[PDB]
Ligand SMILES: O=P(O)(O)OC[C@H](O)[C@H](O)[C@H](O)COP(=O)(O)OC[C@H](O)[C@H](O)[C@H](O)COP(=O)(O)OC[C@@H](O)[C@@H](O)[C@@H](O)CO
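Read the single chain below, which is given as structure tokens and is the form deposited without the ligand.
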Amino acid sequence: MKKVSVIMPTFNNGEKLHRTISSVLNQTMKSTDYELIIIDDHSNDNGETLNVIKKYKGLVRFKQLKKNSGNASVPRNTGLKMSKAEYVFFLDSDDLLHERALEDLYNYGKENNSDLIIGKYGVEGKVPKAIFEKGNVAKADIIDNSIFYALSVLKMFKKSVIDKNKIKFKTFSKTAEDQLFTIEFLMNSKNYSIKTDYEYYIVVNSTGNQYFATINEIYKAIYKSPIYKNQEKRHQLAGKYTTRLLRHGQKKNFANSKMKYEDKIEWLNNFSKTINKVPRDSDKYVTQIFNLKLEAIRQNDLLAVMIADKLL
């Protein structure tokens, strides 16, 4: 059993993919203990991506899907089925791992019996920060360590948790599926760790029917948590997630935007129906400045949302 499967979907990456693959093959961890699983989502760049990948034959595992899925969910699920490692780590094909990433995160996880290890993110070009503000955290808390503000899957996940709970990337929506994966993982596991000694992971830079179906699933995951079983704790998590959704949600400022009227109505209708399945008991945990915006959304009142945004 390997310590870590790095799962990396590709699509039309081309020559830039050398630096990514190279960052993974040059880990401090012994290559006996990890594998890179590359799942190409049927690239169509006259062979250029597949040609880069072929230079690493024998050093990687590779699968190409027959038809392009059009998002990382199907390739990520494929990678999950192929991995038999203790932990998985999702890498986006533009990005880079620090040479110490797999070894440092695995070791910290092993030491602290971690279900999830989050490595500090860096950037190339012009990522969450609050989660990393306290340095290393051996046993982090969702609310105190701002985990709802860092829900990417660019993290080290314990595979047994995924297997036992049959956690998979959903395909019904094109967006927020990663967030849902991470939420379902958090709600079905206990021990999360945050590791900060280096920048371990370097990021290289709709009507809402699908998106709000996915948000609906996030709230469902919280309220059915077998880890957080207390109803008041579920209200608290749900309320803190609402706060995050209002601060950083997709199209958060739709109301006063240049969106067509009928689109704004359909968006808000979806947002309203979703939030009205969330108990009002969660509302007291939402930050006070958002009181009017949240109520506007509950009432499905576009003018009130517009006004709420003007006053924020």
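Superpose the two forms; the largest set of C-alphas matching within 1.5 Å is the rigid core. When you see a residue number, it is the position in the sequence shown, counting from 1.
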- prompt: Do the Cα atoms of 303 to 311 or those of 4 to 12 sit farther, on average, from the shown form in 5 other deposited structures of this protein after fitting on the core?
  reply: 303 to 311
statement: Stretch farther from shown form by Cα RMS in 5 other deposited structures of this protein, picked from 101 to 109 and 169 to 177 after core fit, is 169 to 177
statement: Missing residues of the deposited chain between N205 and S206 number 10 or more
- request: Can you count, per the entry, how many deposited residues between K126 and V127 come without coordinates? Answer none, 1 to 3, 4 to 9, or 10 or more.
  value: 1 to 3
task: Could you check the entry and say whether 16 to 24 or 297 to 305 has the higher mean CA B-factor?
output: 16 to 24
query: Comparing 180 to 188 with 166 to 174, which has the greater mean CA B-factor as deposited?
result: 166 to 174
message: Looking at the C-alpha B-factor values in the deposited entry, which of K155, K84, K195, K240 comes out highest?
response: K84
message: Looking at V286, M259, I37, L245, which one carries the largest C-alpha B-factor according to the PDB entry?
response: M259
message: Using only modelled residues of the chain, where does the Cα B factor of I147 rank: lowest third, middle third or highest third?
response: lowest
task: Taking the chain's C-alpha temperature factors as the reference, tell me which third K273 falls into: lowest, middle or highest.
output: middle
- prompt: Taking the entry's C-alpha B-factors for this chain, is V74 in the lowest, middle or highest third?
  reply: highest
query: Based on the entry's values, in what third of the chain does the Cα temperature factor of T49 lie: lowest, middle or highest?
result: highest
task: Name the third of the chain's ranked CA B-factors that contains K252, choosing lowest, middle or highest.
output: highest
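We do not show the form deposited with the ligand bound, though everything after this point is about it.
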- request: Within 4.5 Å of the ligand in the entry with it bound, counting heavy atoms only, one of 187 to 195, 148 to 156, 227 to 235, 97 to 105 shows up; tell me which.
  value: 148 to 156
message: Taking any heavy atom pair closer than or equal to 4.5 Å as contact, tell me whether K168 reaches the ligand in the entry with it bound.
response: no
message: Taking the ligand as it sits in the entry with it bound, is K129 in contact with it (heavy atom to heavy atom, 4.5 Å or less)?
response: yes
- prompt: Would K273 count as a contact of the ligand in the entry with it bound, using a 4.5 angstroms cut-off between non-hydrogen atoms?
  reply: no
field: Contact label in the entry with it bound: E86 to the ligand, heavy atom within 4.5 Å
entry: no
Partner-contacting position among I222, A140, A176, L80 - heavy atom within 4.5 Å of the ligand in the entry with it bound: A176
message: Quick check on this chain: which one of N26, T287, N51, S257 has a heavy atom within 4.5 Å of the ligand in the entry with it bound?
response: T287
